[PDB]
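Chains as they are written, first to last, in the entry's author numbering: chain P, 2 to 1087; chain D, 61 to 99; chain J, 72 to 99; chain B, 346 to 395; chain E, 346 to 395; chain A, 297 to 395. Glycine included, C-beta positions come from ideal geometry on N, C-alpha and C. Only one structure is covered here, and it is reproduced in the block below.
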C-alpha cells in the first residue's frame, strides 16, 4: 500500500504545473459504497472538465478515500515539451566526457559521431546499438532524477549512497547535456535525424550506466561503476570479455572446507571434506598477464581488488569477485555486424597433418552411440518412427524460425517465419514435398541468425527449410529419450522435469583427484565437426537400416541420412552492404533439431578419445564425464596424491592431444573449482552469473509495453537472487511509466498496486519481493473474478486465416492422414486445435493481448463489474482463512549455506529449512493422461486445459485427446481403464503448483517436504478428501514461508477444519476459473 | 430443496451442516447414477 | 612499479608448498 | 502443559476420522483447550475446601 | 484380439479399484496395449529360432 | 623409488596421554572429542549411490495404501526420508564412535 504514494509523488514531480491535476478512482465490493464511488467518479470527471480544484471533494467523501480500493490515477497535462532538460540542467555542472577512437580495433565500434560514419540516411542503421526495448532514455532520466530528488534530504548511510549515485549521474548528464536528448518515436526507435549530430553509442551507454548507478550500495560498487561508465563510453568490444576472463582461474585457487554433493537432479548430501588447491605456477603468470592487459586498458581499482585478494584467497572476501563477475555483463551487448561477428567463427586452419588413428576412433564412437540410441525403436517398430512425417508436422510449432516468405490466406499477404504456415502455404500450390529434401549449396545458400550474449563471442544460427525439421524430429526425440537416463549428458539427465543445475562435480573431488574442464563453444567451424562427424551418423544409420524390416522406418532413416549428406556441403548467405557473400561452410551450428544432442555425442567421443592418451604417461581412473553444450568437464582419480607438476603436464598433454586433431582449446585443470557458461563453483559453493541487461535487450521481441515491465521485474528478481541488486524504487518507477497509457494527448492513466500485483494475466510484480500475494478480501476476489471475464478475447486475423481454403485443406490432409469419416465431429476439433498453435504467430498474439488490455482500460475508466460467480483461487482462500490460528515459534539453524550470494532472508530460510530435493510436474508431463500426448506428440496442453478436460463427461475427453493426434483406440482404453479418476489429483497438484510459482523463483529453492517446516503445520487429518488437505497444507506452508521472508521470525499454525467446509470446498475444487501470465515467471536458472 | 425441518436447515451447529452436506452428496450420487443409466 | 610486481610473483611461492615434490627433489 | 494443538493432532490420528461420515468420535475434541483444565483444577479444589 | 478398452474395463471391474488410494493393483494395467502382444509373440519365436 | 642408506628420518613422539584428561578435565575433553569428531566427519565417505527418493516413497505408499496426495502431508511413516540425512547418520555414527 505504498507503491501508489510513489506514483503520486512521481506524478507531482514530473508535471508540476497548475494545469497538472491528479484524479484517483476507487471501487468497493459493497453496493451502497459502490454507488458512492460512482458519484465520486462523476463529480471528479465534471470538476476536471470544468477547471475546478479537486482537493475539496476528497474530504466530503473521506469514507471512499479510506475504505474503498484504488484502481488508477488519471492525469491532465498538456504537451509541455522538453521538460527533461528543464529538470536536468542542475545535475550537469561537471565536465562532459571525451571519446577515444584508438581503443576499439574496428572503426565503427568507436563512439564517434554518426555523421562521421553515415553521411547518408539511406545507408544509416541504428541496429548496431538498438536497445530493442519499449522504454525511453527520457523515462530512465526522469526516474533517476526523481529518486535523487526524494532522497535529497536524508542524512545516514543513505546519504553516502546518494552522493555516490549523484556523482555518477553527474558524469552521465554532463555528457548528455553537452548535446541533448534523443527523442523516441512512436515505435521507440531512434531515427537518423536525432542521432545525426551525436555519438552513435550514447544511448546504450546511457541506459547501461543508469542501470549500474542505480545498483550502487557500497564504495567498491562506486569504484566499479565509475571505472566502467567512463571506459564503456569508448570501448565497446573488448571490455566484458576482459574482466570476465580471470574468473575461470580464480575458482581454481579457493580451498574447500565443506562441500555439497548431488545424487538425482536436486538431491544434496553435504560433506565436511577438506580439499586444498594445488595450483601450478604458470597459471599465476597467465593471471598476471590478464591483469596487465586489464591495467593497459585503463583499469586501476579493479586490478587492485583482484590483487589484494590473492594474498589470502579466502572465500569470505570472494563474493566481490562474483559481484565483479556480474558487473561485467551490465555494460551492454557488442552488437557488431553480422559479417564481422561471423568471421569470429568463419576462420579455418585445415591441415593434412592430423592423425587418422584419432578421427577413425572418433567416427566409430559416434556411430556406436547413434546405434545405442536407436537400436530398440528401430527394431521394435515404434509408431513415432513410422509416422515421423506427421509427428514433425504436428510439432512444427516447437521448431525454429524459418526465413520470411510471402503467403496468402485467401485475400491477404503475410510474411510469417513460422514453418507450420509455410507448410499450409505449400500444400495448396502443390509445393508440399517432404521426401525431396532441398540442397544447401551455391544454388541455394543458407541465411543466418546471431545468438548473442555479452562478454563472449557471437554464435551463428542456421535458418533452414521445413523439411529438415520433419526429417530430424522423431529420431532426435528418441535420442533424447535415450539421453534422459544416461548420466554423461548433463543437458538432459533428469527425472523428466529438471536439469543437473547444481552440477555433479563434487562427488569425487579429493587430494588425489583432479578435474579438467574445457570450453567448447568455438568448436563449430572446427575440422572435427565437418566430414567425420556427419559420416559417423551416416554409418550408424546404415547399420540401423539393416537392423529393421519395416519400410516407413527405413524411409525416415534415409531422409535423415540425406539431410546429413546435404549439410556436409553448406553455404551461407551473409550480406555486406548491397552485395551478398556465400561461403563454403561444411560444418555444424545451431538452428537445427539435431545440434544439441549431436554436439554432446561428438564432444563425449572426442574427450573419450583424447583421454585415452594421457594414459600413455599417467595412471588414472575416469570417474565421471559430463558434456553440456558450451563446456565439458571430466574428473579423474590417481593412484597417489596430486602435485603441481602433474597438473601442469596433464594440461599441456591435453592441449597438445587436442592439437593433434587440429582443435584449439584453453585447457584448464584444477582440483576444487570450475567455471562454465551457466554456473561456477568455488570452495564447494555454487554461484551464478547475474548478467541480464534490463534497460537493453539482445534483439527486439514482440511483446507490448506492458509485458516488458513484467519481464523487467522478473529479471530484477533473478539478478537480485544472483547477487546483482538494483534499487527497487527505480524498477517500480519504470513499471509505472511502462504501464502508463495515453487515452488522449493530455489524458494519461496510471494503474495501481492492486491491479499489477494480482494473480491474473496482467500481474507484473509483488508488493514485497519474493512473495506472491493472494486475496483474503472482498476486493481482490472482486477484481480477479472481473479480470477473468475479460481475459478471453478474439483475434480477427486468426478468424479470417482459419476461414480460408488453405487452412481447410491442411486440416483435411491431417485428418485423412490420421483418420476419416467423422468430418463434422472430430475434424472441427482438430481445426480448433490448430487455432491453438496459430497464436504463436506474433501479430495474432498482439491483436489478442492488445484487445485484453483495451478491455481492461475500458473498465479502469468506468465503474466495476460483479463478474457472475465465476470461481477462482481467492474464493477458496477466503473460505480457508477463517479457521487458522498463528503462534510464535522458534526454529533453529541446522542447514548449511551453499549459495552465499542470496539475500540474507532467503538464506535464513535455507539456513533453517532445507533446500528442495524433488521436483513435481510444472507441465503435468508424468500424468498418465500426458504420457499419451508425450507419446504421439510433444504438445503441452496447459494445465488449465487438462484441469478443465477432466471436469467434463467421459465423452468429449475422447474427442479432445484424438484432436491432439492420438488415435481412438487408446483414448477409449484410457476412458475404460478409469485412470483419469486416478489422475485428477496429479493434474490438480501441478495446477495449484503452477498458479503459485512454487516452481518459479525463490520457492523453487525450498524443501516443502521438510520435517522442520511440518512440525509447525499442525493440521489434523480427516481423510477421504485429498484435495482439501493438500491445499490446506500447501497454503499453510506458504503462510509460514511468507511470514519468514517478510519478518524473519517463525510461526506455527493450526486448522481444525470442519468437515462441513471440507465438503463444501471439495465441490469448488474442480470448477476453478483462474489463470496466470507466462511473462511473470522468474526462473532462477536461465 | 431438502426434505428436513426448518430448525435443522438453519442450525448453526456443526453436526447439522455436516448432515446436510452428507445428504446433498447422497442425492448427487443418486442423480449421477440415474443420469448414467439414462445415458 | 615492477618491484612490487616481482614481490607479487614471490609471495605466491612460499605459500602452499607441497610435500611429495620436495621429497622427490631432495632425492633428485 | 501439553500443547492443545499437538494433542489434537495425536487424538485425531488415533481416532481415524473421516470427513464423509457422521462419526460420534468427532465430538471427543470439544473443549480440550487450556483455560478449562485450569478452571476444573481450580473449581474442584475450591469446592472441596469451601 | 479382444477389444482393449472392453477387456480393460472388465479388468477394472474385476479389480474393484478405488479413486482414493494407491493400490498396487493399478500398476497391473501398465502397458496392456496391442502392438506389444505382437512384439512379444514375435520376439520369443525369432529368438528361439535364431 | 629405492632409498639409499645415506638417508635419514626422524620419528615422532607418540607416547600416550601422560595427563589423563579423561579424568576430571571434562571441559577440555569436550573440545578434544569435538575436534576428533569433526575431523572424522571429513574422512567418512559420501554415499555415492543410493536408490532414488521418489521411486522409494511410492513403493512405501502402495505398501501402506495411503490416500492420494498424502505425499505432501507425509503420514508420519514418510517424514524425513530424504538423502542429506542418510549420509548425515552414516557420518555421525562412525565419527562419534571414533571420537
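Contacts that residue i makes with chain E (C-beta to C-beta distance below 8 Å)
i	result
residue 362(A)	366, 367
residue 372(A)	What residue 372(A) touches in chain E: nothing, since even the nearest Cβ is about 17 Å away.
residue 973(P)	349, 350
Interface partners of residue i on chain J, CB under 7 Å
i	result
residue 642(P)	91
Limits of the beta strand (DSSP E) - the one that residue i falls within
i	result
residue 25(P)	22-28
residue 463(P)	460-463
residue 572(P)	572-577
residue 561(P)	Looking at the DSSP string, residue 561(P) is not in any beta strand (DSSP E); the run it does join, the alpha helix (DSSP H), is 552-568.
residue 451(P)	449-452
residue 517(P)	514-519
residue 302(A)	No beta strand (DSSP E) contains residue 302(A), which DSSP labels as neither H nor E.
residue 744(P)	Per DSSP, residue 744(P) belongs to no beta strand (DSSP E) and is neither H nor E.
Residue range of the unbroken alpha helix (DSSP H) whose run includes residue i
i	result
residue 1(P)	The structure shown does not extend to residue 1(P), since chain P is modelled only from 2 through 1087, so no value can be given for it.
residue 349(B)	349-360
residue 343(A)	No alpha helix (DSSP H) contains residue 343(A), which DSSP labels as neither H nor E.
residue 709(P)	706-723
residue 211(P)	203-214
residue 349(P)	Run containing residue 349(P): none; DSSP gives neither H nor E here.
Closer than 7 Å at the beta carbon, the chain E residues around residue i
i	result
residue 381(P)	384
Interface residues of chain P facing residue i [CB-CB closer than 8 Å]
i	result
residue 351(B)	1019
Residue i: contacting residues in chain P (beta-carbon distance under 9 Å)
i	result
residue 358(B)	1021, 1022
Contact list for residue i against chain A, beta-carbon separation under 7 Å
i	result
residue 1012(P)	375, 376
Within chain E, the residues that residue i reaches when beta carbons sit closer than 9 Å
i	result
residue 970(P)	348, 349, 350, 378, 379
Contact list for residue i against chain A, beta-carbon separation under 8 Å
i	result
residue 273(P)	334, 337, 338, 387
Residue i: contacting residues in chain J (beta-carbon distance under 9 Å)
i	result
residue 279(P)	87, 89
residue 510(P)	Within 9 Å Cβ-Cβ: nothing; residue 510(P) doesn't reach chain J, min ~17 Å.
Quick check on the DSSP output: what are the complete beta strand (DSSP E) runs of length 3 or more inside the segment 1021-1058 of chain P, in order along the chain? 1051-1055
Whether or not the segment 640-658 of chain P and the segment 485-499 of chain P are in contact is what I'm after, with contact meaning three or more pairs of Cβ atoms, one per stretch, closer than 8 Å; do they touch? no
Listed from N- to C-terminal order along the chain, which residues in the segment 626-655 of chain P have their beta-carbon within a distance smaller than 9 Å of any beta-carbon of chain J? 641, 642, 643, 644, 645, 646
Counting only runs that start and end within the segment 883-915 of chain P, where is the beta strand (DSSP E) found for 3 or more residues in a row? 888-890
Please identify, using Cβ separations under 7 Å, the residues of the segment 1015-1030 of chain P that lie next to chain D, in order along the chain. none
The segment 322-330 of chain P contacting the segment 549-565 of chain P, beta-carbon criterion three pairs below 8 Å: no
Using Cβ-Cβ distances below 8 Å, what residues of the segment 64-82 of chain D are close to chain B? 75, 78, 79, 82
For the segment 624-688 of chain P, list the alpha helix (DSSP H) runs that are entirely contained and at least 4 residues long, ordered along the chain. 645-660
For a minimum of 4 consecutive residues, which ranges assigned as the alpha helix (DSSP H) are wholly contained in the segment 232-300 of chain P? 241-244, 248-251, 283-298
Just checking, does the segment 840-852 of chain P make contact with the segment 451-468 of chain P on the three C-beta pairs under 8 Å criterion? no
Can you find at least 3 beta carbon pairs, one from the segment 1069-1086 of chain P and one from the segment 744-762 of chain P, that sit closer than 8 Å? yes
Just by C-beta distance, which residues in the segment 1035-1069 of chain P are closer than 8 Å to chain B? 1053, 1055, 1057, 1060, 1063, 1064
Segment contact, 8 Å Cβ cut-off, at least three pairs: the segment 362-376 of chain P with the segment 440-457 of chain P: no
Could you list the residues in the segment 906-929 of chain P with a C-beta less than 8 Å from some C-beta on chain A, going in chain order? 915, 918, 919
Contact between the segment 58-69 of chain P and the segment 722-738 of chain P is defined here as three or more beta-carbon pairs at a separation below 8 Å; is this criterion met? no
Where are the alpha helix (DSSP H) runs, 4 residues long or more, that stay fully inside the segment 309-341 of chain P, in chain order? 320-328
Using 8 Å as the cut-off, can you tell me whether the segment 348-359 of chain E makes contact with the segment 967-986 of chain P, which would need three or more C-beta pairs spanning the two stretches below that distance? yes
Could you give the uninterrupted runs of the alpha helix (DSSP H) lying entirely in the segment 468-494 of chain P, keeping only those of 4 residues or more? 468-486
Assess, as a yes-or-no matter, whether the segment 633-640 of chain P is touched by the segment 514-523 of chain P under the definition of 3 or more beta carbon pairs within less than 8 Å. yes
Per the contact definition of three or more C-beta pairs closer than 8 Å, is the segment 447-463 of chain P in contact with the segment 407-420 of chain P? no
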